[PDB]
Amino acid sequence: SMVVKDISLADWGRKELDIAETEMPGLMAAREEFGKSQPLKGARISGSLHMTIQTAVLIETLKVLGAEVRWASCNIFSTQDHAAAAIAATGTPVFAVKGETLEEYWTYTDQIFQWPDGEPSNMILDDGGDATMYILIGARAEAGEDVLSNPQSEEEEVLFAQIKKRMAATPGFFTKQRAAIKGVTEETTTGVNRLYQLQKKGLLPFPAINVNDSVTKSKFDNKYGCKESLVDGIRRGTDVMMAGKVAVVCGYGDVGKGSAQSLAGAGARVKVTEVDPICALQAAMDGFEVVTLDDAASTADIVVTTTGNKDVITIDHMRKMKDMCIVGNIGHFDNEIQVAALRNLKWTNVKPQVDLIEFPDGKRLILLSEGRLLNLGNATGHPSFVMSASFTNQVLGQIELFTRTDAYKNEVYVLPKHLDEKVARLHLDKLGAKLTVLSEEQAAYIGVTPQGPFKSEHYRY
């Protein structure tokens, strides 16, 4: 009916939720505005998104708006057990344990679609595309397409076996559920990229709102969020001194940028790697030495990958690294580091999400969260405030695709700027940030209304 680590943690979860709500004015404002109206009454939402305290506040907001939901995490180490307990105790089905196996993970992703009345979900709230991919690959398998062979990875084999179990247990499930989905809201860059791949190949059968690319998501969550929680995760994992140390940051997109500020602000000296010349130029301009990991690996104290790509930190890199160098990843998936390549070496667990890996020559590495997003694995992810900006976009995205589904075609959308502006505006008071108002004449003079939007569609901020 629910799967959590320990239901007795509910009370603790609840207390922290009391606190988080005072930090999340966006979601609370959505409860005020849409509670009575109940725009999501009739919504049947399967959520796949880090089961944190922040996600719990979102979940309860969705419910206040009329939705029924079933939830699971989008990572095996990112759950906050007391958050999961507190949500479970309300009766909302949740399947999320910090430290679950891969098999369990896919079992749980499946569970979010298994409603008691035997009818399907009609909405997906996704982070990384795992729930979306599960349905769409499932359905194609059910249509006879050969899509469950030649598994590239362990994780992929486990995903396949889970699709096979579901096909056998309830034939027609995927087909039926693919058709039942009114729309999906996608939270993160890696997820959005998967959406665009689908659209480009004509494999997206319903509309998606790209939540990541709201300005109040990508330029806040991905950047400030990582600034807050990257060093947090490293610190809890290792308790290492930042001052005096060299940290190499692989990638200089939004996450990479935030990550560099996280480390720099703590006193580490930051070096950056990149493949995009524009982002690399930014990094240099921002004061950072721009290197390759091939050149910088053997003298780094800390190495962090932020790319969304793969094989960024390889076994060759890790052999060069000096004793006790700290290795971690804060991009969505664990393949940015070649962890699988380290499995034939001697591992000593230090504590949860902290492992000492020993090379033939006696050199040791400290690996965080087994190569999974270390901010959520080693700590608690992004603070409540920033998550409020992200999740308010999520709420608006859900309202759009559920209540105005016919306005949308089978493609990836972003929310309109006036909504983006609304989201930021909701978070200003909380910080005691006083906004100036344009005179009618000033607005005229620069080509806008006093009410906004204030920028052209593709302004970059």
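Don't overthink the numbering: it's just position in the shown sequence, from 1.
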query	finding
Higher-B stretch (mean Cα B-factor, as the entry records it), 135-143 or 79-87	135-143
Residue stretch of maximal mean CA temperature factor, 293-301 vs 154-162	154-162
Candidate set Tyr108, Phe385, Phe333, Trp347 [ranked by C-alpha B-factor, highest]	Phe333
Candidate residues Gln54, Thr392, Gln398, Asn410, the one whose C-alpha B factor the record puts highest	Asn410
Chain-wide C-alpha B factor ranking for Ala283, given as lowest, middle or highest third	middle
Record-listed C-alpha B factor of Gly42: chain third	middle
Ranked against its chain, the third holding the CA B-factor of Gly172	highest
Lowest, middle or highest third - CA B-factor, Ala340	middle
Relative C-alpha B-factor of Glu16, binned into the chain's lowest, middle or highest third	middle
